[PDB]
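What follows is upload.tsv (TSV, C-alpha atoms).
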chain	number	residue	atom	x	y	z
A	6	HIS	CA	0.00	0.00	0.00
A	7	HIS	CA	2.45	2.51	-0.98
A	8	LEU	CA	1.67	5.93	-2.30
A	9	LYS	CA	1.65	5.55	-6.08
A	10	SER	CA	2.92	8.92	-7.48
A	11	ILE	CA	2.72	12.61	-6.92
A	12	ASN	CA	-0.88	13.67	-7.91
A	13	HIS	CA	-0.73	17.53	-8.02
A	14	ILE	CA	0.65	20.65	-6.35
A	15	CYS	CA	-1.40	23.63	-5.31
A	16	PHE	CA	-0.21	27.19	-4.78
A	17	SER	CA	-2.05	30.29	-3.50
A	18	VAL	CA	-1.36	33.34	-5.68
A	19	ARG	CA	-2.31	37.03	-5.43
A	20	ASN	CA	-3.08	37.72	-9.13
A	21	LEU	CA	-4.25	35.00	-11.39
A	22	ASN	CA	-3.31	36.79	-14.68
A	23	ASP	CA	0.27	37.41	-13.56
A	24	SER	CA	0.57	33.75	-12.52
A	25	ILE	CA	-0.93	32.46	-15.78
A	26	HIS	CA	1.69	34.43	-17.70
A	27	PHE	CA	4.44	32.96	-15.52
A	28	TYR	CA	3.40	29.30	-15.64
A	29	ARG	CA	2.18	29.16	-19.08
A	30	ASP	CA	4.32	31.48	-21.17
A	31	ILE	CA	7.51	31.80	-19.21
A	32	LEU	CA	7.65	28.17	-17.99
A	33	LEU	CA	5.80	26.83	-21.09
A	34	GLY	CA	3.12	24.94	-19.18
A	35	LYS	CA	-0.35	24.19	-20.65
A	36	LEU	CA	-3.40	26.08	-19.30
A	37	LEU	CA	-6.28	23.60	-18.85
A	38	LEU	CA	-8.96	25.44	-16.88
A	39	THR	CA	-9.81	28.77	-15.37
A	40	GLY	CA	-12.43	30.08	-13.02
A	41	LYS	CA	-12.65	33.48	-11.40
A	42	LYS	CA	-10.20	32.36	-8.67
A	43	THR	CA	-8.65	29.19	-10.06
A	44	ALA	CA	-6.35	28.03	-12.84
A	45	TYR	CA	-5.06	24.49	-13.64
A	46	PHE	CA	-1.98	23.78	-15.67
A	47	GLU	CA	-0.03	20.72	-16.77
A	48	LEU	CA	3.67	21.58	-16.40
A	49	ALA	CA	6.45	18.96	-16.83
A	50	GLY	CA	3.78	16.23	-16.69
A	51	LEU	CA	2.50	17.56	-13.33
A	52	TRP	CA	-0.95	18.98	-12.51
A	53	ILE	CA	-0.52	22.38	-10.86
A	54	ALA	CA	-3.49	24.14	-9.32
A	55	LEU	CA	-3.48	27.87	-8.54
A	56	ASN	CA	-5.91	29.40	-6.07
A	57	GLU	CA	-6.22	33.18	-6.12
A	58	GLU	CA	-6.08	34.82	-2.70
A	59	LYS	CA	-5.86	38.54	-3.37
A	60	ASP	CA	-5.27	39.35	0.34
A	61	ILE	CA	-1.97	37.45	0.96
A	62	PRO	CA	0.06	40.32	2.52
A	63	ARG	CA	2.78	41.70	0.13
A	64	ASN	CA	4.70	43.32	3.06
A	65	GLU	CA	5.59	40.04	4.88
A	66	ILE	CA	7.77	37.09	4.10
A	67	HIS	CA	5.92	33.95	3.02
A	68	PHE	CA	6.73	30.72	1.20
A	69	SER	CA	10.05	30.29	3.05
A	70	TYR	CA	9.95	26.64	3.98
A	71	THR	CA	9.24	24.77	0.74
A	72	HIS	CA	10.82	24.63	-2.71
A	73	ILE	CA	9.90	22.67	-5.82
A	74	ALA	CA	12.51	21.69	-8.43
A	75	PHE	CA	11.94	20.72	-12.06
A	76	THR	CA	14.32	18.81	-14.31
A	77	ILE	CA	15.99	20.35	-17.37
A	78	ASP	CA	18.70	18.91	-19.57
A	79	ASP	CA	22.17	20.14	-18.80
A	80	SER	CA	22.50	21.63	-22.28
A	81	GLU	CA	19.39	23.84	-21.66
A	82	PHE	CA	20.85	25.66	-18.66
A	83	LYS	CA	21.90	28.83	-20.44
A	84	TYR	CA	18.64	28.89	-22.44
A	85	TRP	CA	16.60	28.83	-19.23
A	86	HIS	CA	18.81	31.29	-17.35
A	87	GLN	CA	18.50	33.75	-20.20
A	88	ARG	CA	14.77	33.17	-20.57
A	89	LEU	CA	14.11	33.89	-16.89
A	90	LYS	CA	16.45	36.95	-16.87
A	91	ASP	CA	14.81	38.33	-20.05
A	92	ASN	CA	11.39	38.02	-18.42
A	93	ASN	CA	12.62	39.88	-15.23
A	94	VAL	CA	12.07	36.82	-13.07
A	95	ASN	CA	13.48	37.00	-9.53
A	96	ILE	CA	16.61	34.78	-9.76
A	97	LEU	CA	18.48	33.90	-6.46
A	108	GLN	CA	23.77	22.85	-11.95
A	109	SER	CA	20.73	24.66	-10.56
A	110	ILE	CA	18.84	27.88	-11.15
A	111	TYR	CA	16.93	29.16	-8.09
A	112	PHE	CA	14.07	31.58	-8.65
A	113	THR	CA	10.59	32.55	-7.52
A	114	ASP	CA	7.19	32.87	-9.12
A	115	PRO	CA	5.52	36.32	-9.07
A	116	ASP	CA	4.32	35.84	-5.49
A	117	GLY	CA	7.47	34.37	-4.03
A	118	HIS	CA	6.91	30.58	-4.27
A	119	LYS	CA	10.39	29.11	-4.43
A	120	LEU	CA	11.30	27.13	-7.54
A	121	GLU	CA	14.40	25.52	-8.99
A	122	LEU	CA	15.57	24.15	-12.34
A	123	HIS	CA	18.05	21.27	-11.78
A	124	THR	CA	20.05	19.25	-14.27
A	125	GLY	CA	20.78	16.13	-12.23
A	126	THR	CA	19.11	13.05	-10.70
A	127	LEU	CA	18.80	11.84	-7.12
A	128	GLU	CA	21.41	9.18	-8.03
A	129	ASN	CA	23.77	11.88	-9.22
A	130	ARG	CA	23.29	13.80	-6.00
A	131	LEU	CA	23.89	10.72	-3.79
A	132	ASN	CA	27.07	9.95	-5.65
A	133	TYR	CA	28.14	13.60	-5.38
A	134	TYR	CA	27.66	13.57	-1.58
A	135	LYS	CA	29.45	10.29	-1.15
A	136	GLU	CA	32.54	12.19	-2.41
A	137	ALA	CA	31.83	15.77	-1.15
A	138	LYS	CA	30.16	14.98	2.20
A	139	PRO	CA	31.47	11.51	3.12
A	140	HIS	CA	30.44	11.78	6.80
A	141	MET	CA	26.75	11.59	5.77
A	142	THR	CA	25.08	8.20	6.17
A	143	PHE	CA	23.90	6.48	2.94
A	144	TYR	CA	21.18	3.85	3.01
A	145	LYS	CA	20.72	0.77	0.85
B	6	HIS	CA	12.61	23.31	-24.38
B	7	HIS	CA	10.04	22.33	-22.01
B	8	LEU	CA	10.60	21.39	-18.42
B	9	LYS	CA	10.98	17.61	-18.44
B	10	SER	CA	9.52	16.40	-15.07
B	11	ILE	CA	9.34	17.29	-11.44
B	12	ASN	CA	12.89	16.74	-9.99
B	13	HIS	CA	12.40	16.95	-6.17
B	14	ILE	CA	10.60	18.75	-3.35
B	15	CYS	CA	12.27	20.23	-0.32
B	16	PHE	CA	10.72	20.96	3.06
B	17	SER	CA	12.15	22.67	6.17
B	18	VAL	CA	11.37	20.71	9.35
B	19	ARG	CA	11.95	21.37	13.06
B	20	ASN	CA	12.96	17.83	14.16
B	21	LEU	CA	14.56	15.46	11.77
B	22	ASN	CA	13.74	12.26	13.79
B	23	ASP	CA	10.04	13.10	13.99
B	24	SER	CA	9.99	13.79	10.24
B	25	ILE	CA	11.87	10.57	9.39
B	26	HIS	CA	9.25	8.60	11.32
B	27	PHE	CA	6.48	10.39	9.42
B	28	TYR	CA	7.85	10.04	5.88
B	29	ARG	CA	9.37	6.73	6.17
B	30	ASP	CA	7.21	4.66	8.49
B	31	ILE	CA	3.84	6.34	8.36
B	32	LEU	CA	3.94	7.22	4.63
B	33	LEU	CA	6.16	4.20	3.75
B	34	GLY	CA	8.83	6.17	1.92
B	35	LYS	CA	12.47	4.97	1.60
B	36	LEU	CA	15.21	6.75	3.61
B	37	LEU	CA	18.26	7.25	1.35
B	38	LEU	CA	20.58	9.61	3.21
B	39	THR	CA	20.99	11.48	6.45
B	40	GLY	CA	23.27	14.16	7.74
B	41	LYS	CA	23.04	16.09	10.98
B	42	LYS	CA	20.48	18.48	9.40
B	43	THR	CA	19.35	16.67	6.26
B	44	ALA	CA	17.41	13.61	5.18
B	45	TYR	CA	16.52	12.38	1.64
B	46	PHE	CA	13.70	10.02	0.87
B	47	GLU	CA	12.15	8.48	-2.23
B	48	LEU	CA	8.36	8.58	-1.73
B	49	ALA	CA	5.88	7.68	-4.51
B	50	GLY	CA	8.77	7.83	-7.01
B	51	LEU	CA	9.63	11.39	-5.90
B	52	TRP	CA	12.86	12.65	-4.29
B	53	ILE	CA	11.98	14.54	-1.11
B	54	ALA	CA	14.63	16.50	0.74
B	55	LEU	CA	14.22	17.59	4.37
B	56	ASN	CA	16.28	20.40	5.86
B	57	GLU	CA	16.24	20.70	9.64
B	58	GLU	CA	15.67	24.23	10.92
B	59	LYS	CA	15.16	23.87	14.66
B	60	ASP	CA	14.19	27.56	15.06
B	61	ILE	CA	11.04	27.71	12.84
B	62	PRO	CA	8.63	29.32	15.37
B	63	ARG	CA	6.01	26.82	16.74
B	64	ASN	CA	3.70	29.70	17.91
B	65	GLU	CA	2.97	31.13	14.41
B	66	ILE	CA	1.14	29.90	11.36
B	67	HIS	CA	3.36	28.73	8.51
B	68	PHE	CA	3.01	26.56	5.41
B	69	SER	CA	-0.41	28.06	4.53
B	70	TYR	CA	-0.05	28.67	0.83
B	71	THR	CA	1.10	25.36	-0.65
B	72	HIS	CA	-0.16	21.77	-0.60
B	73	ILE	CA	1.20	18.61	-2.17
B	74	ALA	CA	-1.09	15.69	-3.11
B	75	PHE	CA	-0.13	12.05	-3.68
B	76	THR	CA	-2.12	9.44	-5.57
B	77	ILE	CA	-3.67	6.39	-3.89
B	78	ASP	CA	-6.04	3.82	-5.33
B	79	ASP	CA	-9.66	4.38	-4.48
B	80	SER	CA	-9.84	1.02	-2.70
B	81	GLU	CA	-7.00	2.12	-0.31
B	82	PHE	CA	-8.87	5.12	1.10
B	83	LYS	CA	-10.05	3.53	4.32
B	84	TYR	CA	-6.66	1.85	4.85
B	85	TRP	CA	-4.90	5.22	4.65
B	86	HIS	CA	-7.48	7.10	6.73
B	87	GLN	CA	-7.15	4.52	9.46
B	88	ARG	CA	-3.37	4.44	9.24
B	89	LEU	CA	-3.09	8.21	9.65
B	90	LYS	CA	-5.70	8.28	12.49
B	91	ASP	CA	-3.93	5.40	14.31
B	92	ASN	CA	-0.64	7.31	14.13
B	93	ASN	CA	-2.30	10.52	15.57
B	94	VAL	CA	-1.66	12.45	12.37
B	95	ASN	CA	-3.37	15.85	12.09
B	96	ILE	CA	-6.25	15.13	9.65
B	97	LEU	CA	-8.30	18.16	8.31
B	108	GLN	CA	-12.07	11.26	-2.58
B	109	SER	CA	-9.34	13.08	-0.65
B	110	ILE	CA	-7.71	12.95	2.75
B	111	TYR	CA	-6.19	16.27	3.90
B	112	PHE	CA	-3.53	16.19	6.59
B	113	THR	CA	-0.26	17.71	7.74
B	114	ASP	CA	3.22	16.47	8.49
B	115	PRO	CA	4.55	16.97	12.05
B	116	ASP	CA	5.49	20.60	11.33
B	117	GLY	CA	2.37	21.63	9.47
B	118	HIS	CA	3.30	21.11	5.78
B	119	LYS	CA	0.00	20.50	4.04
B	120	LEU	CA	-0.47	17.16	2.30
B	121	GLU	CA	-3.27	15.30	0.58
B	122	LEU	CA	-4.02	11.74	-0.56
B	123	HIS	CA	-6.26	11.82	-3.68
B	124	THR	CA	-7.86	8.99	-5.61
B	125	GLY	CA	-8.46	10.68	-8.97
B	126	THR	CA	-6.65	12.07	-12.03
B	127	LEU	CA	-6.53	15.55	-13.53
B	128	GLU	CA	-8.80	14.18	-16.31
B	129	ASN	CA	-11.29	13.01	-13.72
B	130	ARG	CA	-11.26	16.42	-12.08
B	131	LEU	CA	-11.76	18.29	-15.39
B	132	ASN	CA	-14.69	16.08	-16.24
B	133	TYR	CA	-16.11	16.57	-12.74
B	134	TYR	CA	-15.95	20.38	-13.09
B	135	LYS	CA	-17.46	20.35	-16.54
B	136	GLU	CA	-20.60	18.98	-14.79
B	137	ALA	CA	-20.32	20.61	-11.30
B	138	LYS	CA	-18.87	24.03	-12.26
B	139	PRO	CA	-19.94	24.51	-15.90
B	140	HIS	CA	-19.24	28.28	-15.90
B	141	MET	CA	-15.48	27.58	-15.68
B	142	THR	CA	-13.54	27.84	-18.93
B	143	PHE	CA	-11.94	24.59	-20.24
B	144	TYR	CA	-9.01	24.68	-22.63
B	145	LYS	CA	-8.09	22.31	-25.43

Written form, structure tokens:
Amino acid sequence: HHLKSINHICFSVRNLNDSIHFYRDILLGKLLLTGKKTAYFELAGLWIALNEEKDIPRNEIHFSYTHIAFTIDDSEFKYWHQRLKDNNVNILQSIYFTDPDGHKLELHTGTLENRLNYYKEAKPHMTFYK
Amino acid sequence: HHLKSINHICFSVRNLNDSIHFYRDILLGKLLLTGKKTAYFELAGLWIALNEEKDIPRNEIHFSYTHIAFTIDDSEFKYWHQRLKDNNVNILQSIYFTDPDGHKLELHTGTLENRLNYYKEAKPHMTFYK
């Protein structure tokens, strides 16, 4: 009875139209549905749901404790960096950035296996499980 | 140049040992690595990274604006509800719950296609995109 797969991700956003431009044009996702306060995309094979909450305060820090990373090919790194820079995205083997509200996102060019093998060399006092 | 897939998710957590018990025993994920302040799992085919931040305030609301849903078979609904209840998990076609810190999670038994077809009947004033 294991969990089978990731099903979807949902984010609260302040302005649906700004978020549709981000997810669908900048990140090249597919818009599937809208309501007055909702939008669904398919991005990288993943269902993403957006819920508009116009009152999330803009003068406070939110979204600090989660990040979501998507896979790109290594060869596409400069393409994506330039695309995000040319669209004035907030940019902080990985590109770290935020959506228009501040949800933390990452583009990464490696696998979990790559990362484990990297840490076995770089951080050998970690404990690795079979 | 589309994004290829979801790569991983990272969460900040206050107590690594409490979170390892949650992700690995209660949710049946696989522990792959630990450090003093890090743990990696594979859960539902997804790399999840945990970063321990012992100072996230316990007396404030956090994690409000994101949720992550995992797929289960319809027939496993009562199994999972009972498993989470019997492990004193905070429970709020879906089961809504939190991890020990408050990260919002969901078990869902349907697909995006199912949901679109549901809304075409239940919420017919939404706009549906081909």

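Pairwise distance (atom CA of residue 9 of chain A, atom CA of residue 116 of chain B) equals 23.3 Å.
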
### Query
What is the distance between atom CA of residue 48 of chain A and atom CA of residue 121 of chain A, in Å to one decimal?
13.6 Å

If you take only C-alpha atoms and a cut-off of 6 Å, which residues of chain B touch chain A, and what are their nearest atom pairs and distances in Å to one decimal, in chain and number order, as JSON lines?
{"residue": "B:8", "atom": "CA", "partner": "A:49", "partner_atom": "CA", "distance": 5.1}
{"residue": "B:9", "atom": "CA", "partner": "A:49", "partner_atom": "CA", "distance": 5.0}
{"residue": "B:10", "atom": "CA", "partner": "A:49", "partner_atom": "CA", "distance": 4.4}
{"residue": "B:11", "atom": "CA", "partner": "A:75", "partner_atom": "CA", "distance": 4.3}
{"residue": "B:12", "atom": "CA", "partner": "A:75", "partner_atom": "CA", "distance": 4.6}
{"residue": "B:13", "atom": "CA", "partner": "A:74", "partner_atom": "CA", "distance": 5.3}
{"residue": "B:14", "atom": "CA", "partner": "A:73", "partner_atom": "CA", "distance": 4.7}
{"residue": "B:15", "atom": "CA", "partner": "A:72", "partner_atom": "CA", "distance": 5.2}
{"residue": "B:16", "atom": "CA", "partner": "A:71", "partner_atom": "CA", "distance": 4.7}
{"residue": "B:17", "atom": "CA", "partner": "A:70", "partner_atom": "CA", "distance": 5.0}
{"residue": "B:37", "atom": "CA", "partner": "A:144", "partner_atom": "CA", "distance": 4.8}
{"residue": "B:38", "atom": "CA", "partner": "A:143", "partner_atom": "CA", "distance": 4.6}
{"residue": "B:39", "atom": "CA", "partner": "A:142", "partner_atom": "CA", "distance": 5.3}
{"residue": "B:40", "atom": "CA", "partner": "A:141", "partner_atom": "CA", "distance": 4.8}
{"residue": "B:49", "atom": "CA", "partner": "A:10", "partner_atom": "CA", "distance": 4.4}
{"residue": "B:50", "atom": "CA", "partner": "A:10", "partner_atom": "CA", "distance": 6.0}
{"residue": "B:70", "atom": "CA", "partner": "A:17", "partner_atom": "CA", "distance": 5.0}
{"residue": "B:71", "atom": "CA", "partner": "A:16", "partner_atom": "CA", "distance": 4.7}
{"residue": "B:72", "atom": "CA", "partner": "A:15", "partner_atom": "CA", "distance": 5.2}
{"residue": "B:73", "atom": "CA", "partner": "A:14", "partner_atom": "CA", "distance": 4.7}
{"residue": "B:74", "atom": "CA", "partner": "A:12", "partner_atom": "CA", "distance": 5.2}
{"residue": "B:75", "atom": "CA", "partner": "A:11", "partner_atom": "CA", "distance": 4.4}
{"residue": "B:76", "atom": "CA", "partner": "A:12", "partner_atom": "CA", "distance": 5.0}
{"residue": "B:77", "atom": "CA", "partner": "A:8", "partner_atom": "CA", "distance": 5.6}
{"residue": "B:141", "atom": "CA", "partner": "A:40", "partner_atom": "CA", "distance": 4.8}
{"residue": "B:142", "atom": "CA", "partner": "A:39", "partner_atom": "CA", "distance": 5.2}
{"residue": "B:143", "atom": "CA", "partner": "A:38", "partner_atom": "CA", "distance": 4.6}
{"residue": "B:144", "atom": "CA", "partner": "A:37", "partner_atom": "CA", "distance": 4.8}

### Selection near residue 86 of chain A, 8 Å with only C-alpha atoms, sequence-local residues under 4 positions removed, as a list in words
residues 82, 90 and 110 of chain A

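Going from atom CA of residue 133 of chain B to atom CA of residue 19 of chain A covers 25.7 Å.
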
How would chain A read as a PDB file with C-alpha atoms, in the coordinates of the input once least-squares superposed on chain B using all paired C-alpha atoms?
ATOM      1  CA  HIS A   6      12.613  23.310 -24.380  1.00  0.00           C
ATOM      2  CA  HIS A   7      10.033  22.331 -22.003  1.00  0.00           C
ATOM      3  CA  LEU A   8      10.603  21.392 -18.419  1.00  0.00           C
ATOM      4  CA  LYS A   9      10.975  17.611 -18.435  1.00  0.00           C
ATOM      5  CA  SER A  10       9.523  16.400 -15.066  1.00  0.00           C
ATOM      6  CA  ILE A  11       9.334  17.296 -11.442  1.00  0.00           C
ATOM      7  CA  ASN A  12      12.892  16.738  -9.994  1.00  0.00           C
ATOM      8  CA  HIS A  13      12.397  16.952  -6.167  1.00  0.00           C
ATOM      9  CA  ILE A  14      10.600  18.753  -3.347  1.00  0.00           C
ATOM     10  CA  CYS A  15      12.272  20.234  -0.318  1.00  0.00           C
ATOM     11  CA  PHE A  16      10.719  20.960   3.063  1.00  0.00           C
ATOM     12  CA  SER A  17      12.152  22.670   6.171  1.00  0.00           C
ATOM     13  CA  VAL A  18      11.369  20.710   9.345  1.00  0.00           C
ATOM     14  CA  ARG A  19      11.951  21.368  13.061  1.00  0.00           C
ATOM     15  CA  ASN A  20      12.962  17.829  14.162  1.00  0.00           C
ATOM     16  CA  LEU A  21      14.564  15.457  11.777  1.00  0.00           C
ATOM     17  CA  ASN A  22      13.742  12.264  13.787  1.00  0.00           C
ATOM     18  CA  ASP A  23      10.039  13.099  13.995  1.00  0.00           C
ATOM     19  CA  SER A  24       9.991  13.784  10.240  1.00  0.00           C
ATOM     20  CA  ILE A  25      11.872  10.576   9.396  1.00  0.00           C
ATOM     21  CA  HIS A  26       9.252   8.602  11.313  1.00  0.00           C
ATOM     22  CA  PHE A  27       6.476  10.383   9.417  1.00  0.00           C
ATOM     23  CA  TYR A  28       7.855  10.040   5.885  1.00  0.00           C
ATOM     24  CA  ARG A  29       9.367   6.728   6.176  1.00  0.00           C
ATOM     25  CA  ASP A  30       7.206   4.660   8.496  1.00  0.00           C
ATOM     26  CA  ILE A  31       3.847   6.339   8.359  1.00  0.00           C
ATOM     27  CA  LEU A  32       3.940   7.219   4.630  1.00  0.00           C
ATOM     28  CA  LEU A  33       6.159   4.198   3.751  1.00  0.00           C
ATOM     29  CA  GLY A  34       8.832   6.174   1.920  1.00  0.00           C
ATOM     30  CA  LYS A  35      12.467   4.970   1.607  1.00  0.00           C
ATOM     31  CA  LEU A  36      15.206   6.755   3.610  1.00  0.00           C
ATOM     32  CA  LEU A  37      18.254   7.250   1.349  1.00  0.00           C
ATOM     33  CA  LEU A  38      20.578   9.611   3.212  1.00  0.00           C
ATOM     34  CA  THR A  39      20.988  11.478   6.443  1.00  0.00           C
ATOM     35  CA  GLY A  40      23.270  14.164   7.739  1.00  0.00           C
ATOM     36  CA  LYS A  41      23.039  16.088  10.976  1.00  0.00           C
ATOM     37  CA  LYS A  42      20.482  18.473   9.400  1.00  0.00           C
ATOM     38  CA  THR A  43      19.353  16.675   6.258  1.00  0.00           C
ATOM     39  CA  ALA A  44      17.411  13.604   5.178  1.00  0.00           C
ATOM     40  CA  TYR A  45      16.524  12.383   1.634  1.00  0.00           C
ATOM     41  CA  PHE A  46      13.704  10.024   0.864  1.00  0.00           C
ATOM     42  CA  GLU A  47      12.143   8.486  -2.230  1.00  0.00           C
ATOM     43  CA  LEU A  48       8.362   8.588  -1.723  1.00  0.00           C
ATOM     44  CA  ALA A  49       5.881   7.676  -4.515  1.00  0.00           C
ATOM     45  CA  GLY A  50       8.770   7.823  -7.012  1.00  0.00           C
ATOM     46  CA  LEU A  51       9.635  11.390  -5.904  1.00  0.00           C
ATOM     47  CA  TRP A  52      12.858  12.645  -4.284  1.00  0.00           C
ATOM     48  CA  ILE A  53      11.980  14.538  -1.104  1.00  0.00           C
ATOM     49  CA  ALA A  54      14.636  16.493   0.745  1.00  0.00           C
ATOM     50  CA  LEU A  55      14.217  17.591   4.369  1.00  0.00           C
ATOM     51  CA  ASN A  56      16.279  20.399   5.856  1.00  0.00           C
ATOM     52  CA  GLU A  57      16.243  20.707   9.637  1.00  0.00           C
ATOM     53  CA  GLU A  58      15.666  24.230  10.927  1.00  0.00           C
ATOM     54  CA  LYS A  59      15.161  23.870  14.662  1.00  0.00           C
ATOM     55  CA  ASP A  60      14.190  27.566  15.063  1.00  0.00           C
ATOM     56  CA  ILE A  61      11.038  27.712  12.842  1.00  0.00           C
ATOM     57  CA  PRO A  62       8.629  29.322  15.370  1.00  0.00           C
ATOM     58  CA  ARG A  63       6.004  26.822  16.738  1.00  0.00           C
ATOM     59  CA  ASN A  64       3.704  29.693  17.905  1.00  0.00           C
ATOM     60  CA  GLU A  65       2.970  31.130  14.403  1.00  0.00           C
ATOM     61  CA  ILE A  66       1.144  29.898  11.368  1.00  0.00           C
ATOM     62  CA  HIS A  67       3.359  28.723   8.512  1.00  0.00           C
ATOM     63  CA  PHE A  68       3.006  26.561   5.413  1.00  0.00           C
ATOM     64  CA  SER A  69      -0.404  28.053   4.531  1.00  0.00           C
ATOM     65  CA  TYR A  70      -0.047  28.666   0.831  1.00  0.00           C
ATOM     66  CA  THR A  71       1.102  25.355  -0.656  1.00  0.00           C
ATOM     67  CA  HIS A  72      -0.163  21.775  -0.600  1.00  0.00           C
ATOM     68  CA  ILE A  73       1.191  18.604  -2.171  1.00  0.00           C
ATOM     69  CA  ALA A  74      -1.089  15.689  -3.114  1.00  0.00           C
ATOM     70  CA  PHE A  75      -0.129  12.056  -3.684  1.00  0.00           C
ATOM     71  CA  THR A  76      -2.126   9.438  -5.564  1.00  0.00           C
ATOM     72  CA  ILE A  77      -3.667   6.384  -3.886  1.00  0.00           C
ATOM     73  CA  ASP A  78      -6.039   3.826  -5.333  1.00  0.00           C
ATOM     74  CA  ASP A  79      -9.660   4.378  -4.477  1.00  0.00           C
ATOM     75  CA  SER A  80      -9.832   1.026  -2.696  1.00  0.00           C
ATOM     76  CA  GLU A  81      -7.002   2.120  -0.302  1.00  0.00           C
ATOM     77  CA  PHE A  82      -8.870   5.120   1.096  1.00  0.00           C
ATOM     78  CA  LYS A  83     -10.054   3.535   4.321  1.00  0.00           C
ATOM     79  CA  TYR A  84      -6.657   1.856   4.844  1.00  0.00           C
ATOM     80  CA  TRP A  85      -4.897   5.223   4.651  1.00  0.00           C
ATOM     81  CA  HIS A  86      -7.474   7.099   6.727  1.00  0.00           C
ATOM     82  CA  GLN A  87      -7.154   4.515   9.464  1.00  0.00           C
ATOM     83  CA  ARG A  88      -3.369   4.441   9.237  1.00  0.00           C
ATOM     84  CA  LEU A  89      -3.089   8.215   9.657  1.00  0.00           C
ATOM     85  CA  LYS A  90      -5.694   8.286  12.494  1.00  0.00           C
ATOM     86  CA  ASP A  91      -3.927   5.403  14.303  1.00  0.00           C
ATOM     87  CA  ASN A  92      -0.642   7.308  14.128  1.00  0.00           C
ATOM     88  CA  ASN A  93      -2.302  10.521  15.566  1.00  0.00           C
ATOM     89  CA  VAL A  94      -1.656  12.447  12.371  1.00  0.00           C
ATOM     90  CA  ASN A  95      -3.369  15.845  12.095  1.00  0.00           C
ATOM     91  CA  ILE A  96      -6.250  15.135   9.652  1.00  0.00           C
ATOM     92  CA  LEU A  97      -8.302  18.159   8.308  1.00  0.00           C
ATOM     93  CA  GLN A 108     -12.072  11.262  -2.575  1.00  0.00           C
ATOM     94  CA  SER A 109      -9.339  13.079  -0.656  1.00  0.00           C
ATOM     95  CA  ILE A 110      -7.711  12.948   2.752  1.00  0.00           C
ATOM     96  CA  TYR A 111      -6.191  16.271   3.892  1.00  0.00           C
ATOM     97  CA  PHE A 112      -3.529  16.190   6.586  1.00  0.00           C
ATOM     98  CA  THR A 113      -0.260  17.716   7.733  1.00  0.00           C
ATOM     99  CA  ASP A 114       3.218  16.470   8.488  1.00  0.00           C
ATOM    100  CA  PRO A 115       4.553  16.974  12.046  1.00  0.00           C
ATOM    101  CA  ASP A 116       5.487  20.594  11.330  1.00  0.00           C
ATOM    102  CA  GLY A 117       2.375  21.624   9.468  1.00  0.00           C
ATOM    103  CA  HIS A 118       3.300  21.107   5.779  1.00  0.00           C
ATOM    104  CA  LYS A 119      -0.005  20.499   4.044  1.00  0.00           C
ATOM    105  CA  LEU A 120      -0.464  17.158   2.299  1.00  0.00           C
ATOM    106  CA  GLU A 121      -3.270  15.294   0.579  1.00  0.00           C
ATOM    107  CA  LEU A 122      -4.023  11.743  -0.560  1.00  0.00           C
ATOM    108  CA  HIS A 123      -6.266  11.819  -3.678  1.00  0.00           C
ATOM    109  CA  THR A 124      -7.855   8.989  -5.613  1.00  0.00           C
ATOM    110  CA  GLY A 125      -8.463  10.673  -8.963  1.00  0.00           C
ATOM    111  CA  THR A 126      -6.651  12.076 -12.023  1.00  0.00           C
ATOM    112  CA  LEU A 127      -6.533  15.550 -13.538  1.00  0.00           C
ATOM    113  CA  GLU A 128      -8.801  14.175 -16.309  1.00  0.00           C
ATOM    114  CA  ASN A 129     -11.291  13.013 -13.716  1.00  0.00           C
ATOM    115  CA  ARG A 130     -11.262  16.418 -12.077  1.00  0.00           C
ATOM    116  CA  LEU A 131     -11.760  18.286 -15.393  1.00  0.00           C
ATOM    117  CA  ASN A 132     -14.688  16.081 -16.247  1.00  0.00           C
ATOM    118  CA  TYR A 133     -16.108  16.569 -12.742  1.00  0.00           C
ATOM    119  CA  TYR A 134     -15.948  20.380 -13.093  1.00  0.00           C
ATOM    120  CA  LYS A 135     -17.458  20.356 -16.537  1.00  0.00           C
ATOM    121  CA  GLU A 136     -20.593  18.987 -14.793  1.00  0.00           C
ATOM    122  CA  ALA A 137     -20.324  20.615 -11.302  1.00  0.00           C
ATOM    123  CA  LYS A 138     -18.876  24.023 -12.263  1.00  0.00           C
ATOM    124  CA  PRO A 139     -19.934  24.512 -15.903  1.00  0.00           C
ATOM    125  CA  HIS A 140     -19.246  28.280 -15.898  1.00  0.00           C
ATOM    126  CA  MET A 141     -15.480  27.582 -15.679  1.00  0.00           C
ATOM    127  CA  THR A 142     -13.545  27.836 -18.939  1.00  0.00           C
ATOM    128  CA  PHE A 143     -11.944  24.591 -20.239  1.00  0.00           C
ATOM    129  CA  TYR A 144      -9.009  24.681 -22.626  1.00  0.00           C
ATOM    130  CA  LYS A 145      -8.088  22.312 -25.437  1.00  0.00           C
TER     131      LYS A 145
END

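Considering all atoms listed in the file, the residue among A:80, A:64, A:132, A:24 positioned nearest to residue 94 of chain A is A:24.
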
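Using all atoms listed in the file, the shortest contact distance between residue 92 of chain A and any of A:130, A:20, A:25, A:30 is found at A:30.
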